[PDB]
Structures are given as structure tokens and as C-alpha cells.
Amino acid sequence: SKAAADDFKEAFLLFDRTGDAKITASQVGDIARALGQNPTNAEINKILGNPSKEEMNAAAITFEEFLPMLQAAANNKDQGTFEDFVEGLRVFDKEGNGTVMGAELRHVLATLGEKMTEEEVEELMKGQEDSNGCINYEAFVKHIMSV
Amino acid sequence: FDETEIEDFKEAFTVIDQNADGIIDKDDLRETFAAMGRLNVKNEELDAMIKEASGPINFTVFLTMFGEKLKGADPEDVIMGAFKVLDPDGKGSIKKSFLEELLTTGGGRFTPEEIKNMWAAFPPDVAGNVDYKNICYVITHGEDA
Amino acid sequence: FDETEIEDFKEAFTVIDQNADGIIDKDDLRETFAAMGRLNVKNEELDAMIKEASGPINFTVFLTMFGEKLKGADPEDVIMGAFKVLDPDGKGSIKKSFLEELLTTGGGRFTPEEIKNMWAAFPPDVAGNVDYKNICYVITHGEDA
């Protein structure tokens with residue numbers, strides 16, 4: 001709205017590697033996340049196809065399509081409730097203390113639903129899981145929502 | 001410009017200014033080259049060095065000319081800082097394809113063609129991204145060591 | 001000529017120039033040979049070394065004489081680079097007949113007769129093309145190790 005945030009246009013100049021002021025359709029998922037929006041990858045996929053837009057063939061972009069796609073994704077930020085994130089992992093391990101065994105969270109984050117690479121899974125556990133093999137998800141989900 | 005790097009350019013300015021008056025003229029350039037072994041140094045090379053300045057080469061004109069050519073010059077300790085962050089487990093030289101992908105995919109300065117020129121005199125290990133450290137040496141002091 | 005190879009020739013020039021004035025004369029040649037154990041070094045050997053130069057042996061005359069005799073000299077890391085491309089799976093020394101066929105059939109410098117001379121002091125393994133690495137050693141520093 002501007003509140004006209006012109007820093008979204010300045011961040012588009014940091015993600016366009018050619019400097020022509022266009023951003024390919026394959027970058028739009030990760031740049032919506034870097035502007036403070038977490039649409040799921042199936043949602044980013046649907047919307048695209050919904051608009052008869054094929055992410056399979058070469059793509060370019062213009063700021064005039066990327067701005068309204070970020071504004072259509074911005075209504076879905078009401079789905080980001082931290083009660084359900086901590087209660088999900090609280091149902092994932094027994095006893096009254098928030099600890100996932102290391103390999104349980106790593107294999108679930110790579111193979112269940114939207115596949116996260118094991119390189120990204122190791123980069124998200126690095127520091128929050130110590131050598132006991134127990135990830136405290138009270139501080140883990142706190143630090144994941146700090147970015 | 002750190003102060004020890006400016007003192008290194010002051011010492012190089014004094015070794016090329018053999019009249020010790022504070023201004024490197026064309027005779028100082030020719031007599032420094034003749035003392036390094038250049039008996040055939042042409043006057044057109046000395047004139048092309050003086051044609052890069054708008055005035056006489058005193059210490060601040062030599063510093064501003066080197067500043068404007070070395071606008072991305074990085075000392076060896078900060079290049080090894082960045083390469084220790086690229087190899088955060090220490091000791092190992094990083095893979096060839098990892099440096100090619102991370103140069104391109106992060107920045108436009110890391111585009112490929114430029115990556116072929118990086119491999120081209122910065123040899124294999126250096127080019128590949130496996131060794132490390134020899135490239136920091138030759139970026140602060142050129143030519144083969 | 002890489003710069004560390006030129007620094008190795010500067011250190012060898014300083015060990016043969018025992019007067020430390022920058023020019024290796026015939027007395028320096030004889031006193032370096034006597035300090036290595038050559039008590040019978042003839043004056044005709046010293047005169048044949050000086051007969052390869054047109055002037056006094058200063059550092060740039062010694063570098064140009066070694067440059068003109070070593071116009072295909074290759075450092076050990078680039079010889080092992082080429083032998084790792086000939087054995088691209090690593091570790092194994094390559095077969096005798098594979099190096100004889102690939103030397104001949106690619107280039108005229110790899111003709112056979114020359115391949116018999118390669119096997120002749122570069123022993124079997126080396127000659128054969130099975131070992132590897134000892135030949136890179138003796139091409140950068142001669143004689144049996």
C-alpha cells in the first residue's frame with residue numbers, strides 16, 4: 001500500500017542477477033519468504049498454474065506481476081500460529097519435556113510432505129541440537145521464528 | 001587502506017624516488033628499472049605511467065592513483081577469513097564445483113566466464129577451490145611465487 | 001618460471017657465489033666444487049661452464065642460461081596433474097604399453113626410439129608407465145634419488 005514499502009523493489013534488485021529488473025518465476029517462492037511471507041511450496045505452485053503460468057519453461061519477470069503476487073500471499077500469513085508448531089512437536093515425543101531425538105526430526109523434515117533437503121535440515125539443527133541427540137524444540141522453534 | 005599498507009606504499013615510493021625529494025619523475029622510474037635489471041626500458045613506458053596522473057607523482061598522488069585502481073583490494077588475512085568461513089571445519093581446501101556454484105548463485109561477480117578466467121592463471125587447485133591460500137598470496141602480491 | 005623456482009635459482013646462485021658480489025667467477029665455481037668434495041675439479045670444466053655465457057655470470061645471465069636450456073622444464077605438480085589425467089581414477093600407475101602408444105600416436109615427441117631412452121634410465125615402472133611420481137621427481141631434480 002506503501003504504507004508504500006519501496007524496499008521490496010530494492011530487494012528485487014538484490015535477487016536479479018542480470019540487473020534488467022526481472023526475476024524468474026523459480027525465484028519468486030524464495031523471495032516471498034525473504035520479504036517476510038511463508039507460503040507453502042504447493043501454494044506457490046498452484047497459484048502459478050492457476051494463472052496458466054508454467055514454471056517448467058523459461059520465465060522472466062516484471063515487478064508489476066511480482067508485487068501483486070506478494071500481496072496475494074500476504075493474506076495467508078494468518079496461518080502462522082506458533083501454538084500449533086510447538087504442540088505438533090509436543091505430540092511427536094513422549095514425556096513432559098520438549099526434546100525430539102535427532103534423527104526423528106531430520107528424517108521427518110526431509111521425507112514427510114514438502115521435501116526439505118538433508119543439507120537444509122542439517123543447517124536448521126546446527127547449534128540447537130547438542131551431542132546428547134536431543135533437540136529442545138522450545139528453543140528450536142523460538143529460533144526458527146526469530147528469522 | 002590500513003596503515004601498514006600505506007607504509008608499504010611509502011617504502012615503495014622511496015625506493016622508486018631515488019632523488020629523495022618527494023616527487024617521482026621519469027628519471028626515477030628509469031633508474032629504478034635499471035637497478036632491477038631493465039636496461040632496455042623504453043621512454044614510452046615511463047610516459048604511460050606518468051600519463052595516468054594529472055600532476056607530478058608525489059606521495060598523495062601515488063596513493064590516490066593506487067586507490068582508484070585497487071578499489072577491491074583485500075589483504076591476505078581478510079581473504080583467508082572469508083575462505084575459513086567457506087571451509088568452516090578448517091584445514092581442507094574447498095571443492096572446485098562448490099566455488100563455481102556459490103560464486104555464480106550469489107552474485108553477478110561470480111558469473112561463470114569470469115570463473116574460467118579465475119581457473120586460468122590461478123591454477124587448478126586454486127581455480128578448483130581445493131587449495132587455498134596461494135590465491136590470497138597472489139591477490140595481494142601478483143605473479144607466480 | 002614461477003617465482004619460487006626463481007628464488008631457488010637465487011639461492012643456488014648465492015651458494016656458488018661465495019664472494020657475495022653478484023658475479024660467479026671461475027674461483028667461485030672451483031671453491032663450491034671443492035666444498036662439495038671435488039678436490040680434482042679441472043680448470044677446463046670451469047672454462048666450459050663460463051664458455052656457455054657471453055658475459056660474467058650475474059643473476060640475470062644465470063637465469064637466461066638456465067631458461068634457454070630448460071625451455072620445457074615442468075614443475076612436479078604439473079607433471080602429476082598430467083599423470084592424474086592419464087590415470088583419472090586415481091592411485092594406479094598406468095600401463096607400459098598405454099604410455100608408449102599414447103606418446104607415439106598423439107605426438108612426434110612421443111615417437112618410439114625416444115620411448116626406449118625413456119625406459120633406459122627411468123627404470124621399468126617409470127619406463128613401463130606403471131609407477132608414477134618418481135619420474136616427476138627426477139625431471140625436476142635429476143639423478144637417482
# chains A, B, ... in the order shown; residues from 1 in each chain; ligands from 1
>>> closest_atom_pairs(of="chain B", to="chain C", cutoff="10 Å", atoms="only C-alpha atoms", output="tab-separated table")
residue	atom	partner	partner_atom	distance
B:37	CA	C:60	CA	7.6
B:123	CA	C:78	CA	9.8
B:124	CA	C:81	CA	8.8
B:143	CA	C:3	CA	7.4
B:144	CA	C:2	CA	4.7
B:145	CA	C:3	CA	3.7
>>> write_last_selection(atoms="C-alpha atoms", output="compact mmCIF listing (two decimals), in the first residue's frame")
# COMPACT_ATOMS: atom_id res chain seq x y z
CA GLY B 37 67.77 -5.22 -14.40
CA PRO B 123 45.86 -22.68 -11.47
CA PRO B 124 43.82 -25.96 -10.79
CA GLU B 143 52.70 -13.12 -10.39
CA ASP B 144 53.78 -16.69 -9.70
CA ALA B 145 55.57 -17.08 -6.38
>>> residues_around(residues="stretch 100-105 of chain B", least_positions_apart="5", cutoff="10 Å", atoms="only C-alpha atoms", output="ChimeraX atom specification")
/A:15,17 /B:86,95,110-112,114-116,118,127-129
>>> write_last_selection(atoms="N, CA, C and O atoms", output="PDB file, in the first residue's frame")
ATOM      1  N   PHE A  15      18.087  -9.627  -5.896  1.00  0.00           N
ATOM      2  CA  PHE A  15      17.876 -11.018  -6.296  1.00  0.00           C
ATOM      3  C   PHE A  15      17.931 -11.217  -7.806  1.00  0.00           C
ATOM      4  O   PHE A  15      18.001 -12.357  -8.285  1.00  0.00           O
ATOM      5  N   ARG A  17      19.980 -11.294 -10.851  1.00  0.00           N
ATOM      6  CA  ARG A  17      21.397 -11.476 -11.198  1.00  0.00           C
ATOM      7  C   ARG A  17      21.811 -10.842 -12.534  1.00  0.00           C
ATOM      8  O   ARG A  17      23.008 -10.728 -12.812  1.00  0.00           O
TER       9      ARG A  17
ATOM     10  N   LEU B  86      34.173 -20.277   4.342  1.00  0.00           N
ATOM     11  CA  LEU B  86      33.735 -21.196   3.280  1.00  0.00           C
ATOM     12  C   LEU B  86      34.162 -22.626   3.588  1.00  0.00           C
ATOM     13  O   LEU B  86      33.497 -23.585   3.172  1.00  0.00           O
ATOM     14  N   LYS B  95      36.028 -27.616  -2.590  1.00  0.00           N
ATOM     15  CA  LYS B  95      35.819 -28.161  -3.936  1.00  0.00           C
ATOM     16  C   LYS B  95      35.653 -27.115  -5.036  1.00  0.00           C
ATOM     17  O   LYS B  95      34.973 -26.092  -4.882  1.00  0.00           O
ATOM     18  N   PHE B 110      30.400 -13.390  -9.629  1.00  0.00           N
ATOM     19  CA  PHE B 110      30.815 -14.798  -9.578  1.00  0.00           C
ATOM     20  C   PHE B 110      30.271 -15.573 -10.809  1.00  0.00           C
ATOM     21  O   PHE B 110      30.335 -16.817 -10.836  1.00  0.00           O
ATOM     22  N   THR B 111      29.749 -14.800 -11.826  1.00  0.00           N
ATOM     23  CA  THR B 111      29.207 -15.396 -13.130  1.00  0.00           C
ATOM     24  C   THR B 111      30.167 -16.401 -13.690  1.00  0.00           C
ATOM     25  O   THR B 111      31.365 -16.330 -13.421  1.00  0.00           O
ATOM     26  N   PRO B 112      29.823 -17.392 -14.583  1.00  0.00           N
ATOM     27  CA  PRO B 112      30.832 -18.342 -14.998  1.00  0.00           C
ATOM     28  C   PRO B 112      32.017 -17.638 -15.753  1.00  0.00           C
ATOM     29  O   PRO B 112      33.075 -17.343 -15.145  1.00  0.00           O
ATOM     30  N   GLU B 114      33.894 -15.491 -16.036  1.00  0.00           N
ATOM     31  CA  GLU B 114      34.849 -14.943 -15.083  1.00  0.00           C
ATOM     32  C   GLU B 114      35.478 -16.079 -14.269  1.00  0.00           C
ATOM     33  O   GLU B 114      36.627 -15.985 -13.822  1.00  0.00           O
ATOM     34  N   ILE B 115      34.726 -17.152 -14.096  1.00  0.00           N
ATOM     35  CA  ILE B 115      35.194 -18.323 -13.333  1.00  0.00           C
ATOM     36  C   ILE B 115      36.198 -19.131 -14.165  1.00  0.00           C
ATOM     37  O   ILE B 115      37.196 -19.608 -13.609  1.00  0.00           O
ATOM     38  N   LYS B 116      36.094 -19.041 -15.481  1.00  0.00           N
ATOM     39  CA  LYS B 116      37.076 -19.679 -16.361  1.00  0.00           C
ATOM     40  C   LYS B 116      38.372 -18.875 -16.379  1.00  0.00           C
ATOM     41  O   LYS B 116      39.458 -19.460 -16.262  1.00  0.00           O
ATOM     42  N   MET B 118      39.293 -17.208 -13.724  1.00  0.00           N
ATOM     43  CA  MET B 118      39.849 -17.457 -12.394  1.00  0.00           C
ATOM     44  C   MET B 118      40.675 -18.735 -12.386  1.00  0.00           C
ATOM     45  O   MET B 118      41.730 -18.815 -11.751  1.00  0.00           O
ATOM     46  N   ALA B 127      41.995 -22.582  -8.825  1.00  0.00           N
ATOM     47  CA  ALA B 127      40.816 -22.474  -9.696  1.00  0.00           C
ATOM     48  C   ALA B 127      39.681 -23.366  -9.170  1.00  0.00           C
ATOM     49  O   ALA B 127      38.547 -22.905  -8.970  1.00  0.00           O
ATOM     50  N   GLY B 128      40.038 -24.627  -8.964  1.00  0.00           N
ATOM     51  CA  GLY B 128      39.120 -25.685  -8.486  1.00  0.00           C
ATOM     52  C   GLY B 128      38.447 -25.301  -7.155  1.00  0.00           C
ATOM     53  O   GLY B 128      37.257 -25.583  -6.937  1.00  0.00           O
ATOM     54  N   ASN B 129      39.240 -24.681  -6.290  1.00  0.00           N
ATOM     55  CA  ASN B 129      38.773 -24.208  -4.969  1.00  0.00           C
ATOM     56  C   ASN B 129      39.197 -25.168  -3.850  1.00  0.00           C
ATOM     57  O   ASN B 129      38.687 -25.106  -2.720  1.00  0.00           O
TER      58      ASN B 129
END
>>> interface_residues(of="chain A", to="chain B", cutoff="12 Å", atoms="only C-alpha atoms", output="tab-separated table (two decimals) with N, CA, C and O atoms, in the first residue's frame")
chain	number	residue	atom	x	y	z
A	13	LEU	N	16.10	-5.94	-6.72
A	13	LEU	CA	17.37	-5.62	-7.39
A	13	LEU	C	18.55	-6.36	-6.78
A	13	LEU	O	19.59	-6.51	-7.43
A	14	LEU	N	18.35	-6.96	-5.62
A	14	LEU	CA	19.39	-7.78	-4.99
A	14	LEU	C	19.24	-9.25	-5.36
A	14	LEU	O	20.17	-10.04	-5.16
A	15	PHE	N	18.09	-9.63	-5.90
A	15	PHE	CA	17.88	-11.02	-6.30
A	15	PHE	C	17.93	-11.22	-7.81
A	15	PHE	O	18.00	-12.36	-8.28
A	16	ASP	N	17.87	-10.13	-8.55
A	16	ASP	CA	18.01	-10.24	-10.01
A	16	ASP	C	19.48	-10.15	-10.41
A	16	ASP	O	20.00	-9.05	-10.64
A	17	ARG	N	19.98	-11.29	-10.85
A	17	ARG	CA	21.40	-11.48	-11.20
A	17	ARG	C	21.81	-10.84	-12.53
A	17	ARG	O	23.01	-10.73	-12.81
A	18	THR	N	20.84	-10.44	-13.34
A	18	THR	CA	21.15	-9.83	-14.64
A	18	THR	C	21.05	-8.31	-14.61
A	18	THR	O	21.42	-7.65	-15.59
A	19	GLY	N	20.46	-7.76	-13.56
A	19	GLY	CA	20.25	-6.31	-13.46
A	19	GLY	C	19.19	-5.71	-14.40
A	19	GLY	O	19.08	-4.48	-14.46
A	27	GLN	N	12.40	-18.04	-8.70
A	27	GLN	CA	12.96	-17.32	-7.57
A	27	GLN	C	11.87	-16.71	-6.70
A	27	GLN	O	12.09	-16.51	-5.50
>>> residues_around(residues="residue A:130", least_positions_apart="5", cutoff="12 Å", atoms="only C-alpha atoms", output="list in words")
residues 99, 100, 101, 102, 125, 135, 136 and 140 of chain A
>>> residues_around(residues="stretch 23-29 of chain B", least_positions_apart="3", cutoff="8 Å", atoms="only C-alpha atoms", output="PDB file with N, CA and C atoms, in the first residue's frame")
ATOM      1  N   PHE B  13      57.489   4.001  -2.587  1.00  0.00           N
ATOM      2  CA  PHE B  13      57.634   5.345  -3.141  1.00  0.00           C
ATOM      3  C   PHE B  13      59.039   5.890  -2.920  1.00  0.00           C
ATOM      4  N   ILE B  16      61.486   4.040  -5.411  1.00  0.00           N
ATOM      5  CA  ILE B  16      61.392   4.494  -6.797  1.00  0.00           C
ATOM      6  C   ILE B  16      61.795   5.962  -6.914  1.00  0.00           C
ATOM      7  N   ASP B  17      61.678   6.701  -5.821  1.00  0.00           N
ATOM      8  CA  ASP B  17      62.125   8.095  -5.816  1.00  0.00           C
ATOM      9  C   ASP B  17      63.543   8.188  -5.270  1.00  0.00           C
ATOM     10  N   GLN B  18      64.491   7.917  -6.154  1.00  0.00           N
ATOM     11  CA  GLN B  18      65.909   7.838  -5.797  1.00  0.00           C
ATOM     12  C   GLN B  18      66.587   9.206  -5.667  1.00  0.00           C
ATOM     13  N   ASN B  19      65.885  10.276  -6.024  1.00  0.00           N
ATOM     14  CA  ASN B  19      66.392  11.626  -5.737  1.00  0.00           C
ATOM     15  C   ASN B  19      65.999  12.115  -4.337  1.00  0.00           C
ATOM     16  N   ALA B  20      65.139  11.355  -3.667  1.00  0.00           N
ATOM     17  CA  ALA B  20      64.577  11.689  -2.350  1.00  0.00           C
ATOM     18  C   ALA B  20      64.079  13.130  -2.198  1.00  0.00           C
ATOM     19  N   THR B  32      65.130   3.223 -11.425  1.00  0.00           N
ATOM     20  CA  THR B  32      64.681   2.131 -10.568  1.00  0.00           C
ATOM     21  C   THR B  32      64.531   0.862 -11.396  1.00  0.00           C
ATOM     22  N   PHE B  33      64.121   1.030 -12.644  1.00  0.00           N
ATOM     23  CA  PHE B  33      64.001  -0.126 -13.539  1.00  0.00           C
ATOM     24  C   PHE B  33      65.371  -0.633 -13.972  1.00  0.00           C
ATOM     25  N   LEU B  46      57.579   4.820 -19.524  1.00  0.00           N
ATOM     26  CA  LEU B  46      57.692   5.802 -18.441  1.00  0.00           C
ATOM     27  C   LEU B  46      56.679   6.923 -18.650  1.00  0.00           C
ATOM     28  N   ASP B  47      56.432   7.227 -19.916  1.00  0.00           N
ATOM     29  CA  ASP B  47      55.440   8.234 -20.281  1.00  0.00           C
ATOM     30  C   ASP B  47      54.010   7.729 -20.090  1.00  0.00           C
ATOM     31  N   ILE B  50      53.320   8.068 -16.327  1.00  0.00           N
ATOM     32  CA  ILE B  50      53.098   9.473 -15.968  1.00  0.00           C
ATOM     33  C   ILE B  50      51.795  10.023 -16.552  1.00  0.00           C
ATOM     34  N   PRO B  56      52.416  15.780 -10.939  1.00  0.00           N
ATOM     35  CA  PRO B  56      53.640  15.097 -10.509  1.00  0.00           C
ATOM     36  C   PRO B  56      53.336  14.029  -9.468  1.00  0.00           C
ATOM     37  N   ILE B  57      54.103  12.950  -9.509  1.00  0.00           N
ATOM     38  CA  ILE B  57      53.872  11.812  -8.609  1.00  0.00           C
ATOM     39  C   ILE B  57      54.492  12.024  -7.228  1.00  0.00           C
ATOM     40  N   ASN B  58      53.799  12.785  -6.403  1.00  0.00           N
ATOM     41  CA  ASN B  58      54.185  12.886  -5.001  1.00  0.00           C
ATOM     42  C   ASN B  58      53.475  11.767  -4.250  1.00  0.00           C
ATOM     43  N   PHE B  59      53.654  11.716  -2.941  1.00  0.00           N
ATOM     44  CA  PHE B  59      53.116  10.588  -2.167  1.00  0.00           C
ATOM     45  C   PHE B  59      51.583  10.504  -2.172  1.00  0.00           C
TER      46      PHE B  59
END
>>> select_by_dssp(residues="stretch 12-102 of chain C", states="helix (DSSP H, G or I)", output="PyMOL selection string")
chain C and resi 12-16+26-35+43-50+59-69+76-86+96-102
>>> select_by_dssp(residues="chain A", states="strand (DSSP E)", output="PDB file with C-alpha atoms, in the first residue's frame")
ATOM      1  CA  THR A  99      13.006 -32.979  23.064  1.00  0.00           C
ATOM      2  CA  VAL A 100      12.968 -34.707  19.682  1.00  0.00           C
ATOM      3  CA  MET A 101      15.585 -37.381  19.084  1.00  0.00           C
ATOM      4  CA  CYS A 134      18.051 -34.431  21.812  1.00  0.00           C
ATOM      5  CA  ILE A 135      16.676 -31.323  20.156  1.00  0.00           C
ATOM      6  CA  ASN A 136      14.887 -28.981  22.530  1.00  0.00           C
TER       7      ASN A 136
END
>>> residues_around(residues="stretch 37-45 of chain A", least_positions_apart="4", cutoff="7 Å", atoms="only C-alpha atoms", output="PyMOL selection string")
chain A and resi 29+32-33+49+73-74+77
>>> residues_around(residues="residue A:69", least_positions_apart="2", cutoff="10 Å", atoms="only C-alpha atoms", output="PyMOL selection string")
chain A and resi 28+32+44+47-48+63-67+71-74
>>> atom_distance(atom1="atom CA of residue A:104", atom2="atom CA of residue A:129")
12.3 Å
>>> residues_around(residues="residue B:93", least_positions_apart="3", cutoff="7 Å", atoms="only C-alpha atoms", output="MDAnalysis selection string")
chainID B and resid 129:132
